[PDB]
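Visitor: The structure that follows is given in the form of structure tokens.
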Amino acid sequence: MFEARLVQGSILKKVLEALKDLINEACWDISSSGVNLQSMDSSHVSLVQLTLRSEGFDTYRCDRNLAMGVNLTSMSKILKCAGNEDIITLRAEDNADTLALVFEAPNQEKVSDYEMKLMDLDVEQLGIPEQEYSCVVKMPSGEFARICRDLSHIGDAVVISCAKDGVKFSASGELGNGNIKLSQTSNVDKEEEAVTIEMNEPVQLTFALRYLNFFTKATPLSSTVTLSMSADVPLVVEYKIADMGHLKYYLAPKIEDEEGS
Amino acid sequence: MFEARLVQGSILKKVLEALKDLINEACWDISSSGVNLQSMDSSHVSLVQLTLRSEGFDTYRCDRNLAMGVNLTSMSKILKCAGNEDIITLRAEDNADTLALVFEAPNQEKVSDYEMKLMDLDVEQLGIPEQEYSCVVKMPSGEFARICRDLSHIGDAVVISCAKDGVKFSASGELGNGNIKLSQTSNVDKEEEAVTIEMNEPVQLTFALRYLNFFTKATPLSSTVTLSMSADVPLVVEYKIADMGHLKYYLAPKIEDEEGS
Amino acid sequence: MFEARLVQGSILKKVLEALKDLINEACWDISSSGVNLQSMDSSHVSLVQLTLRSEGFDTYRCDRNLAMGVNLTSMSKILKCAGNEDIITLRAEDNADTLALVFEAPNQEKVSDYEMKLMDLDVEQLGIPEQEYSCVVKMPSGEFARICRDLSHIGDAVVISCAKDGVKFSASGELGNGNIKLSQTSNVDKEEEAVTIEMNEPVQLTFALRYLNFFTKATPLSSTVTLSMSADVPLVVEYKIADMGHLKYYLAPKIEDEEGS
Amino acid sequence: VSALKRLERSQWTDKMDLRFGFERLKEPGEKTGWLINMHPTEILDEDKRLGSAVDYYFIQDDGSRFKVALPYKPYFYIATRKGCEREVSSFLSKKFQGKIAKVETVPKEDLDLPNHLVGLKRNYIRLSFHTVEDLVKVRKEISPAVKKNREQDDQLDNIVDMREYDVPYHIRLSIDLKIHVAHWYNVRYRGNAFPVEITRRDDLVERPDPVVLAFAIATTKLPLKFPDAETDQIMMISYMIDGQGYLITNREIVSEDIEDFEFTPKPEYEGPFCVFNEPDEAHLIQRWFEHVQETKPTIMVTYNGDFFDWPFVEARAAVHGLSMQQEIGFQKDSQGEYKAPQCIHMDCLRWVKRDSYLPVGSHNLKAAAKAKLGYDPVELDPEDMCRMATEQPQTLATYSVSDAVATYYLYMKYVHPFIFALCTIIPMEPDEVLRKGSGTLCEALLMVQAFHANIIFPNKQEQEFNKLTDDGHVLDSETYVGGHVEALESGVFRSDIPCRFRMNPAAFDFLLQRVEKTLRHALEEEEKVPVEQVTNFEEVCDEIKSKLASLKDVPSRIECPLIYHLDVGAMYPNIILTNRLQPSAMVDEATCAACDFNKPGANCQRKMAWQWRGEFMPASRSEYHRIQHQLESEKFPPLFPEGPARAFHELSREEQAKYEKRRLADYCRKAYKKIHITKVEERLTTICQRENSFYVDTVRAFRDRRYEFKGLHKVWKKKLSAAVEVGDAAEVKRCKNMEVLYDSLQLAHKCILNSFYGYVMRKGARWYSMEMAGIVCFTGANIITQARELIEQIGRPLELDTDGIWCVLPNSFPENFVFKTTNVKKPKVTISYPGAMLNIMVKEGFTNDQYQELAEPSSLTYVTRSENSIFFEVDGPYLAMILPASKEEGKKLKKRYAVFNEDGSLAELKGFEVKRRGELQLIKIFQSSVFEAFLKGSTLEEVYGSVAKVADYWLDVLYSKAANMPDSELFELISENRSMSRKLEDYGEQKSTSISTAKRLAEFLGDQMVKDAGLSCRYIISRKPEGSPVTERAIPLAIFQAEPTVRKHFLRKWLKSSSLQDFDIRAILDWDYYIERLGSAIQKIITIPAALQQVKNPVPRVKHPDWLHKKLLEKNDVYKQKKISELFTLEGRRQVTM
DNA sequence: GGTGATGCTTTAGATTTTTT
DNA sequence: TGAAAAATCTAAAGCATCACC
Ligand code: SF4
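Quick note, the sequences are listed as chains C, D, B and A, same order.
Take the first sequence: its position 139, counting from 1, is numbered 139 in the entry's author numbering, and each next residue is one higher.
Take the second sequence: its position 53, counting from 1, is numbered 53 in the entry's author numbering, and each next residue is one higher.
Take the third sequence: its position 149, counting from 1, is numbered 149 in the entry's author numbering, and each next residue is one higher.
FYI, the numbering for the fourth sequence is 29 to 181, 213 to 1197, going by the entry's author numbering.
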């Protein structure tokens, strides 16, 4: 017998809104530490880790390590149905092939319990170790999404630099090109707009800008983002989701092998 | 010669956009006691009932009973021009086949009269019998619209049941099934947003949500709506509008054929 | 070393989005008095004359009359792609074929620069004459956009007639016919809801609505739109870009020379 | 062309004529012959005047051959105003002295003259020249100014219009002198001054055998490109002469010598050989050329030799010190063809392309060999043979001589009798007939028939650009209604399974009320047998009444169906015969009023409508005037490179029309939001039934001649069977020759009859009328639609065809009957009842009653008769019929089905084994296997279970891995071969996939594959570069067999991956796209038709489309719907009025 | 809390090649 | 000899979302 409750259920709707397009199939993992998800995307180029600990749910009960069989594009249709102020109370019996989540209105007049059947699958699990990275930028989430949409409109690829004067987002396409400079902001102490960059050494590395703008749609779940980037290392696009969890992104860099040399 | 005038031009826009999607050609029945519509859709599943009494109009006069047939899609398409506030005047002639729509500025600056030429048609007109209905429930239009759009994403069958605690909205499909229970609101200061139920005999009967979604877009007509049903009879959904009249839709049930055993 | 810094970037974005679907490519003439745009569209029936004066620019520095040939689509998607509240600046080289743009945020947080190529073209600047027009009318942009989208939505051609009572817009079609008449008011001290009529000689002439919609797509550029016409001279849809420039439009009369039947 | 060059040209061709067994007949004497070739040459007469002529080449029955020159002064007709013929004729006589020789007034019947039936003729002026270049000179002098003057509406302006300028010279001789190929002649000669006379002989008809040759080219090449004429060497020419084979081999490339070997595929065929090995290529070419000199043929044959053999050998002869013209006689003409002054060149590919009625993608060889000859020749792909020529030459020699014998017998068995049956009626040379299309063949027949009726020939019409229909709206399409080709329902219909039916008792009452009349009509019209002597009429009427009543009393049954093919053979010619349509007879009311036969109560008019479809710009006429006036003061780029500025007024019509159309299209695509508007309106026109009947008379003559020749072919076929049952060589040879002659004439008449309808719609035709094709197609549509209304009433139709209906009928419905007849010649009569039913329907519906003919021209008396040859002939009850289904709503697959013979073989199969473009070789074997194994089964569920089981083989092999079975044939199991004609550079604008894999292979071996064209384009689609579209994941198999380190490096570089270590070919491939392709095939063939006919999924591994899935969910659910019509009581009906 | 307005998604229509 | 099956570009229309009175 497993169940959970959430006072602000809009975060689950928002994370499903983010994940409905990057991932089509992913096997949820339910443990006593909380809920976590480890899977590889549709194009097998990026693997996402989700983690919401036990304190995020005000009422959490998980007597055994059990895994769901959810497909994401299906229940993303039925999770978007709630309002922005509803209450989500998920439930799942252990021997059941189907979990039922019950909805509660903000002023307590109605209940909307929906159950979604699951197919049981098995996907390999890998644990990426933690490593100290050369650069970590405290870029606002809104500005990061804006600059991703800006650069993706010209070309298909972007190179990221972290020089001593700031970070450099430049993209070059067949039609135009340009570079964007984000100077450090220390005159304002508020972290919602100011940027502070961890400075070790400048790194030049190319990422798939189309896919970056593809999963930048997760923007409103966190107020600010941190781009952790090292040489020949997949970048860690971190979102501090609400105030209890995190959203781990790993996109593998691409290296061009031109025939000139 | 026929004359009509609405003190609020928004209600005519709302009825045209409510009846836009369901039928294509309509047949206005114009009488001194009021104007009515009894047109029938092409799928022969739903019928539209419309009532607009004479005393609601600022000026209203009819020399005799008039029956003219208009292309209702183009009617809503031309009425979408008019603003949400401007005074709408309807002008007709017994020796002409053209209906006129004069729009008046709130501060007396602009006039806009339009001429629409009508056409003949052969449609069925169906007499509706009056019977007492077993279960009657009134419900705010916004949350019922939300319920209908919610259950449209589950499947194509909705089950309307009336239990002791209130009305229950079921919906099955390939994605499992989903239920929406509602309770009784008694200690409420305002009945405009409240729900109340009366019973004669519980009954379960299924409907298709395509036409119900077609009815859903009459929500801005008024904040309240009442739906009632009984044994093998359609719904009556009264979107009564500011004592000008009301608007009703009739949707075919189906008897519960044996499938469980 | 062509440099042109302007403390607002919204007006350039608006006047450039004006030429989105009207002129695909044009010549950008630079002179000590400012910048000009004379260009024929793909269908070679309408005309555009944009002038942005030098004194209106915050800081301006040009050295020699230089003409570019950049296509409107590329620069328009570049400029609309970036931000709107920021400050724009121009940068050019004496012999290069590439413009440069600078987007400096007012809060001194980020800078954003793009630079794109062009194509060389030197079409002749048409020496259009200026003649005294039969009538001059000044009306707000919003209601003019409303009536133009109306009459493109309901018909195909409009007959614009000006008299002492105001201006009328008579449009017909296969669905019906109607007209919109406007009356001048003078008791209103503000021009946001006031219209003015200059009465010298009445004239009736027929135009096309697709081109009117294409022109009046530029409605956020100015709060007022002025029109002027003669017996055979095209319209002048003159705009007032703040207190910095003006953007005109021209439409040849729709001759029909139909049989007398 | 200067005369000071054409004189030695004619001397050179005379010498070549002398050295190839031909000799110009000089001795005055009468000798029999056989015309085989016409060639327009120059013949200097006895008075040193340049004179154009023709060269009638003949062969004889003894082997000796000769030629005769006929000098006939060419001409064309010009037409001038009335009362001014003699003045313009005299002015032309005194203006072109030395060019114009004879001019006279000649009355000839113009075909479009107003009021022309009662005997009005327009006087014409015919002028004659000496040489063809003088015709060209005077034509180019006079034609353009006068045609501009006439279309605008010195004394040369009085003429109006000239005719038959486009008629070639040899066709003009073959018309005026009645000299057709493949006829026996008696040629008589007197001297140089006396003109030579030629007469036709008909008391014997037996065709001789001209000396024939047929050679094929096999060549190597550098790997994966189109072979060139300078990099590789010819090594084996294999050629056939009169059933005896000779092979000449270059010993430098092949390994060792070659010995004689018999090559017989079947006992009918003979493949004897006497091979010859030569040291070097120069000696091979010399020996082949000298052996051609020794044999001296008039006819010889290549298979695609115009584009593959002769340019190659001509180039190599030119490089290696020779020139190809002066030793054999074949050279390139301006039209890109290879004609010889002394030899006729045959290309079997043109015959297969035009007349063999094969699927389009089976036009290449081995397909006309497995379809027409009956055997599969031994083959190997051109990549392997380059390496094969090094070690053993047995397989290479076998392939080369197999290609040679296939070409030779393909020509001799089928192409030779067919083409020499066309030439008896077509007034053109045999290579001219086989070269170009059916349009000019029909044009030549109408030419000869019009000349016998003394009718002027209309000019090839100007293709009028930018035509305005009513209120401007210039058109880019001027088309009639398309053919009604559909497929009413999908699935299986076997003659054993029970099937659903839905009778209409009113239809059976209607059919019951008139059984006697239908049998009257069947006995009286179908076989021309009077009915008053049949004995068992009452018995068969009682039988059919019993069957019809016993089927009527229960109008709802589930019984075994009988598949029929209710088609009308030669349907469109039958329509044009019954309705009597001629392409210059149909005249609008603007001229029938001027006709003096416009009398009330007459029957000169027949009204038939048609559906005209017109697609045009939405710009009105005033917009067109504005845009042409505005396009008057602008510059244009020059047509030629490095040219001057071009204005608008001096532009030609074609380029200015194209540019104005482009300007209107660009003005439209942004302004009026609708680029194209398709409008269909009914148009009714009057077809004059009182006309000088040459067209419909010709069609009637060919239909009667076809039936006559079919009868003589049948009687000579039974003579042939008796002859092979008795066994005497001379009489079996004679009867075989006559049987082949009659069969070839039958096929020739059938092909011409089929092509009359197709000719008239073609652009530029002399007798052009789009109303023709519209009217005939719409009448055929009307007949087909009334037929399918009746078949819908009585049973169910299955497929809609331009002239055929497929249907299933209950087995208790009568099929055929037998009659006892007292006639000694015809004692047994059989009539199929559905044929009689359709025949009486079309007899009461579509019989012409205004069908009028001439009786005698003196008294103008016209006999009005009534004819209707429109006949629904029927086919036997087929075993099964299959209709595969489409994947989308609204559109149903057109002409994609399969019909099975009674014995279990293939009756017809269309739309599937066409291979029109390159295919994957992954769905063809699947569909062949399912069609072959499909028959076994009892019910619907059993046959779908069997086809699902045989499909599970391919689904398990493709969906799982290759597994235990070997990997040798997997590469060709998926590989798709593609090729291009032009270079890689000029295709660089587009991306596509073919040039993409060309560039992918260019980075592997080198840029040498860029500088050429036509290389390998293997399409093993890769998997691991995911996200990228298929256009970038196209890799070839050239890297699989290369060096190991090279393929490791290139597999790491190409597919943007470095960490992966598996480089096996069994992991690179993308199984998902292959499964998608095979699954789409199985949706088309099996699964969707299974779900349509109320049967669940035959295989569970394929997912239905969304529309079919939701249809099945709403259907299988016990909750269908309810209505309001029966749930609430209807009040009444009133209608809105004025 | 509604409402004009806009980026995003879907979906039907225009375009373009080849079959040597 | 073409001309239409299939892929690919492309713009119109609906929908949830965003800021303001
Ligand atoms: S249709 Fe009648 S009137 Fe017209 S040309 Fe023929 S015969 Fe004369």
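For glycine and all other residues, C-beta sits at the position ideal for the given N, C-alpha and C.
Which residue from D73(A), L63(A) and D90(A) puts its Cα closest to that of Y84(A)?
Guide: Reading the fourth sequence from its first residue, position 56 is the one you call residue 84(A). The shortest C-alpha separation from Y84(A) is found at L63(A).
Visitor: Check whether the segment 174 to 192 of chain C touches the segment 110 to 117 of chain C, taking contact to mean three or more Cβ pairs, one atom from each stretch, closer than 8 Å.
Guide: Judged by Cβ distances under 8 Å, the segment 174 to 192 of chain C makes no contact with the segment 110 to 117 of chain C, as fewer than three pairs qualify.
Visitor: For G388(A) and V160(A), I'd like the C-alpha separation in whole angstroms.
Guide: By 1-based counting over the fourth sequence, the position of residue 388(A) is 329. By 1-based counting over the fourth sequence, the position of residue 160(A) is 132. Whole-angstrom Cα-Cα distance: 23 Å.
Visitor: According to DSSP, which residues form a beta bridge with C162(D)?
Guide: Along the second sequence, one-based indexing puts residue 162(D) at 162. Bridge partners of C162(D): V167(D).
Visitor: Hey, could you find the ends of the beta strand (DSSP E) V70(D) is sitting in?
Guide: Here the question's residue 70(D) lines up with position 70 in the second sequence. First-last of the beta strand (DSSP E) with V70(D): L66 to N71.
Visitor: Can you give me, in chain order, the residues of the segment 100 to 117 of chain D that have a beta carbon less than 7 Å from any beta carbon in chain B?
Guide: Under the 7 Å Cβ criterion, the segment 100 to 117 of chain D contributes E109, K110, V111, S112, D113, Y114, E115, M116 and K117.
Visitor: For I30(B), return the contacting residues in chain C, with the cut-off set at a CB-CB distance below 8 Å.
Guide: Position 30 of the third sequence, counting from 1, holds the residue named residue 30(B). The contacting residues do not exist; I30(B) stays about 20 Å from chain C at best.
Visitor: Verify the CB distance criterion: does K181(D) have a CB-CB separation below 8 Å to chain C?
Guide: Taking the second sequence and counting its residues from 1, the one referred to as residue 181(D) is at position 181. With 8 Å as the cut-off, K181(D) counts as an interface residue toward chain C.
Visitor: Give me the subset of the segment 24 to 51 of chain D whose CB atoms are less than 7 Å from a CB atom of chain A, sorted by chain position.
Guide: Against chain A - using a Cβ distance shorter than 7 Å - the residues of the segment 24 to 51 of chain D are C27, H44, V45 and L47.
Visitor: Are there any heavy atoms of the ligand SF4 lying less than 7 Å away from the beta-carbon of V492(A), as far as the coordinates show?
Guide: The residue given as residue 492(A) occupies position 433 in the fourth sequence. Outside the cutoff, so no.
Visitor: Using the beta-carbon count (16 or more within 10 Å), is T844(A) buried or exposed?
Guide: Reading the fourth sequence from its first residue, position 785 is the one you call residue 844(A). Classification of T844(A): exposed, given that the 10 Å Cβ count is below 16.
Visitor: Just reading off the alpha helix (DSSP H) that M1039(A) is part of, what are its end residues?
Guide: The count along the fourth sequence starts at 1 and reaches residue 1039(A) at position 980. That residue, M1039(A), is in no alpha helix (DSSP H); it is neither H nor E in DSSP.
Visitor: Unbroken alpha helix (DSSP H) runs of length 4 or more, entirely within the segment 691 to 775 of chain A: which are they?
Guide: If we require 4 residues or more, the alpha helix (DSSP H) runs fully inside the segment 691 to 775 of chain A come out as 712 to 730.
Visitor: Is it buried or exposed, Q1142(A), if we count other Cβ atoms within 10 angstroms and call 16 or more buried?
Guide: The residue given as residue 1142(A) occupies position 1083 in the fourth sequence. By the neighbour-count rule (16 or more Cβ atoms within 10 Å), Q1142(A) is buried.
Visitor: Taking 8 Å as the threshold (C-beta atoms), are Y249(B) and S46(B) in contact?
Guide: Position 46 of the third sequence, counted from the first residue, corresponds to residue 46(B). Position 249 of the third sequence, counted from the first residue, corresponds to residue 249(B). Against a cut-off of 8 Å, the Cβ pair of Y249(B) and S46(B) comes out as a contact.
Visitor: How is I30(B) classed by DSSP in three states: helix, strand or coil?
Guide: Counted from its first residue, the third sequence places residue 30(B) at position 30. Residue state, collapsed to three classes: strand.
Visitor: I want to see whether chain A comes within less than 8 Å of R149(B), judged by CB atoms only; does it?
Guide: The count along the third sequence starts at 1 and reaches residue 149(B) at position 149. Chain A contact via Cβ: absent.
Visitor: Rounded to whole angstroms, how far is the Cβ of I154(D) from the Cβ of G173(D), which I believe are closer than 8 Å?
Guide: Within the second sequence, the letter at position 154 stands for residue 154(D). Within the second sequence, the letter at position 173 stands for residue 173(D). At roughly 5 Å, the Cβ-Cβ gap stays under 8 Å, so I154(D) and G173(D) are in contact.
Visitor: Tell me whether the beta-carbon of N217(A) lies closer than 8 Å to the beta-carbon of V116(A).
Guide: To locate residue 217(A), count along the fourth sequence from 1; it is residue 158. To locate residue 116(A), count along the fourth sequence from 1; it is residue 88. Contact: yes.
Visitor: What are the boundary residues of the beta strand (DSSP E) that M139(D) is part of?
Guide: Counting from one through the second sequence, the residue named residue 139(D) turns up at place 139. Segment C135 to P140, the beta strand (DSSP E) holding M139(D).
Visitor: Determine which residues of the segment 160 to 176 of chain C have a Cβ less than 7 Å from any Cβ of chain A, and write them out in chain order.
Guide: Per Cβ criterion, the list is empty.
Visitor: To the nearest whole angstrom, what separates the beta carbons of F157(A) and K101(A), a pair I think is in contact under 8 Å?
Guide: For the purposes of this step, residue 157(A) is identified with residue 129 of the fourth sequence, where counting begins at 1. For the purposes of this step, residue 101(A) is identified with residue 73 of the fourth sequence, where counting begins at 1. Indeed, because the Cβ distance is near 7 Å, the residues count as touching under 8 Å.
Visitor: Quick one: is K248(D) near chain A, going by C-beta distance under 8 Å?
Guide: In the second sequence, residue 248(D) corresponds to position 248, counting from 1. Closer than 8 Å: no.
Visitor: Using the beta-carbon count (16 or more within 10 Å), is residue 210(A) buried or exposed?
Guide: Here chain A breaks off after 181 and picks up again at 213, leaving residue 210(A) without coordinates.
Visitor: Out of curiosity, what's the CA-to-CA distance linking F371(A) and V411(A)?
Guide: On the fourth sequence, position 312 is the one that residue 371(A) refers to. On the fourth sequence, position 352 is the one that residue 411(A) refers to. Cα to Cα, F371(A) sits roughly 23 Å from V411(A).
Visitor: So with Cβ pairs under 8 Å, would you call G142(B) a contact of chain D?
Guide: Stepping through the third sequence from its first residue, residue 142(B) is reached at position 142. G142(B) does not count as touching chain D.
Visitor: Whose CB is closer than 6 Å to a heavy atom of the ligand SF4? List the residues in chain order.
Guide: Every residue passing the under-6 Å Cβ criterion appears here: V646(A), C651(A), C654(A), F656(A), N657(A), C663(A), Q664(A), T745(A), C747(A) and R749(A).
Visitor: First and last residue of the alpha helix (DSSP H) that includes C62(D)?
Guide: Position 62 of the second sequence, counting from 1, holds the residue named residue 62(D). Here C62(D) belongs to no alpha helix (DSSP H); instead the beta strand (DSSP E) covers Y60 to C62.
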